[PDB]
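S.K.: Input: one structure, supplied below.
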Ligand SMILES: CC(C)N1CCN(Cc2ccccc2F)CC1
């Protein structure tokens, strides 16, 4: 089961609902599509990678790789992550 | 082995995972379950390269090294119109502002 | 409250740093005071002579970000079974995306320019609330 997160510029990101629920904000918006008027797609795509990363590596004993963040998107990703509570 | 993918067409991006041993066709069934277009109406690409339905994702270059949760590999998707396949078009994501001087 | 027990029963320990960070091992002494030990470069190991009931935690040596050791917060050398050293496998946690962003921003902006960044005021304060072992020790407490 999937949900659709739409970026400020209209890109549609289709991710597993369980991955999207990493964000408590997204959980409330879903309780299915969500429109993010303030998160552009180059940020929202990284947020989606983060969900995948978080769900894959939470509770795993393997060595966990660093979640990589380009300096150029650090600030917007920070504000998106702050809003999304994740 | 799980590989982590962004399946992309136009302004659509599907985040999903699949086994390295699964086939391009089985990925099309995944796409069909999500976007409701049957496999015969889909073409899947890595870069500009059309992918063979019977090939596994690993043989198509999707491996634990190249298709990571925090850095998924991109699969291009193109749909068939009326017996004619559209050209592969993937709209880029937006651009970040220029780096602040303070960074 | 969070302190090493003075057992004086040796316990052989291997610190393996399975993280890309320079790791600062921290021993909580018998008064609960954190004592830094020599840093482990990323991916390196180090044999350590410690003691049963001693208390360790691990941080990025440059930034003091928290690290996990054997998937939890604190490492306590136990009995060496069949005389084999106990492993302290140090890993990155899954940081929240917010904290991970704070890490990258802090690592790119010297703290004298946090206010010169165009963000909400609450993020300005979050940037400045650098991770630090004393604060973490009160949290665990
Ligand atoms: C009372 C005396 C025997 N202490 C002094 C403190 N030091 C603790 C220690 C040292 C070196 C590595 C790990 C440790 F945990 C050695 C034990």
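Read the figures in this text as sums done on the coordinates, not as results from a lab. Neighbour counts are summed over all protein chains in view; Cβ atoms, including those assigned to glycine, are modelled from backbone coordinates with ideal geometry.
S.K.: If you take the alpha carbon radius of gyration of segment C:10-91 and divide it by 2.2 N^0.38 Å, what ratio comes out, to two decimals?
M.R.: Dividing the Cα radius of gyration by 2.2 N^0.38 Å gives 1.00.
S.K.: Work out, in µm²/s and without decimals, the Stokes-Einstein translational diffusion coefficient of the protein assembly as shown at 4 °C, 1.567 mPa s, Rh from Kirkwood over C-alpha pairs.
M.R.: Values: Rh = 22.2 Å.
For these conditions, the coefficient is 58 µm²/s.
S.K.: Here's a follow-up. Quick one: compute a quarter of the convex hull surface over the Cα atoms of chain A and quote it in nm².
M.R.: Numbers: hull surface 22.8 nm².
Computed as one quarter of the Cα hull surface, the answer is 5.7 nm².
S.K.: Helix-only estimate, please: 222 nm mean residue ellipticity of chain A, summing -39500 (n - 2.57) across DSSP H runs of length 4 or more and dividing by its residues, to the nearest 500.
M.R.: Details: 4 runs with 42 residues, N = 86.
One gets -14500 deg cm²/dmol as the mean residue ellipticity at 222 nm.
S.K.: Further, regarding this structure: Over all Cα pairs of segment B:2-103, how is the pair count split among 10 Å bins, expressed in % and running from 0 up to the last occupied bin?
M.R.: The distribution over segment B:2-103 is 15, 47, 25, 9, 4, 0, given as percents.
S.K.: Against the longest principal axis of chain B, how steep is helix B:24-35, in degrees 0 to 90 to the nearest 10, with axes from Cα atoms?
M.R.: Helix B:24-35 and the main axis of chain B meet at about 70 degrees.
S.K.: Using alpha carbons only, how many angstrom separate the centre of segment A:9-86 from the centre of segment C:93-141?
M.R.: Centre-to-centre (Cα) distance: 19 Å.
S.K.: Can I ask one more? From other protein chains only, count the Cβ atoms within 10 Å of every residue's Cβ in B:64-73, then give the mean. Let's see the in-between values first.
M.R.: On the way: counts 0, 0, 0, 0, 6, 11, 14, 6, 5, 0.
Per residue, the number of nearby Cβ atoms from other chains is 4 on average.
S.K.: Using Cα pairs closer than 8 Å and at least 6 residues apart in sequence, work out the relative contact order for segment C:10-91, in percent. Walk me through the intermediate numbers first.
M.R.: Values: 200 pairs, mean separation 31.8, N = 82.
Reported as a whole number, the value is 39 percent.
S.K.: May I pose another question? Got a sec? How would A:86, A:48 order by Cβ neighbour count within 10 Å, fewest to most? Could the numbers behind the result be given before it?
M.R.: Details: A:86 21, A:48 25.
Starting with the residue having the fewest Cβ neighbours, the order is A:86, A:48.
S.K.: I've got another one for you. Using just the helices of chain C, give the 222 nm mean residue ellipticity in deg cm²/dmol: DSSP H runs with n ≥ 4 each add -39,500 (n - 2.57), and the total is spread over all residues, rounded to 500. Can you show the working numbers first?
M.R.: Values: 3 runs with 28 residues, N = 141.
Calculated from helices alone, the mean residue ellipticity at 222 nm is -5500 deg cm²/dmol.
S.K.: Please state, as a whole number in µm²/s, the translational diffusion coefficient that the Stokes-Einstein equation yields for segment C:97-140 at 20 °C and 1.002 mPa s, with Rh defined as the Kirkwood radius across alpha carbon pairs. Present the calculation step by step, with values, prior to reporting the outcome.
M.R.: Working: Rh = 11.2 Å.
Answer, rounded: 191 µm²/s.
S.K.: Pairs of Cα atoms under 8 Å, at least six residues apart: use those to get the relative contact order of segment B:2-103, whole percent. Can you show the working numbers first?
M.R.: Values: 163 pairs, mean separation 34.9, N = 102.
It comes to 34 percent, rounded to a whole number.
S.K.: How far apart, in nm, are two points set 7 Å out from the Cα along the Cα-to-Cβ line at residue B:20 and at residue C:9?
M.R.: Computed distance between label sites residue B:20 and residue C:9 equals 4.4 nm.
S.K.: Note down the nm distance, to one decimal, between modelled labels 7 Å out along Cα→Cβ at residue B:80 and at residue C:87.
M.R.: In this crude label model, residue B:80 to residue C:87 measures out at 5.2 nm.
S.K.: In addition: Once Rh is set to the Kirkwood radius over Cα pairs, what Stokes-Einstein translational diffusion coefficient, in µm²/s, holds for chain C at a temperature of 4 °C and a viscosity of 1.567 mPa s? Walk me through the numbers before you get to the answer.
M.R.: Values: Rh = 16.2 Å.
Once the numbers are plugged in, D ends up at 80 µm²/s.
S.K.: Below 8 Å, C-alpha to C-alpha, sequence gap of six or more: please give me the relative contact order for segment C:48-141 in percent.
M.R.: Working: 82 pairs, mean separation 23.4, N = 94.
Relative CO of segment C:48-141 lands at 25 percent.
S.K.: Here's a follow-up. Can you show me the helix-derived [θ] at 222 nm for chain B, built from DSSP H runs with n ≥ 4 at -39,500 (n - 2.57) apiece and divided by the number of residues, rounded to the nearest 500.
M.R.: Details: 1 runs with 12 residues, N = 103.
Rounded to the nearest 500, it is -3500 deg cm²/dmol.
S.K.: Rounded to the nearest 10 degrees, what's the angle between the helix C:97-108 long axis and the longest principal axis of chain C, both from Cα atoms, 0 to 90?
M.R.: Roughly 80 degrees, rounded to the nearest 10.
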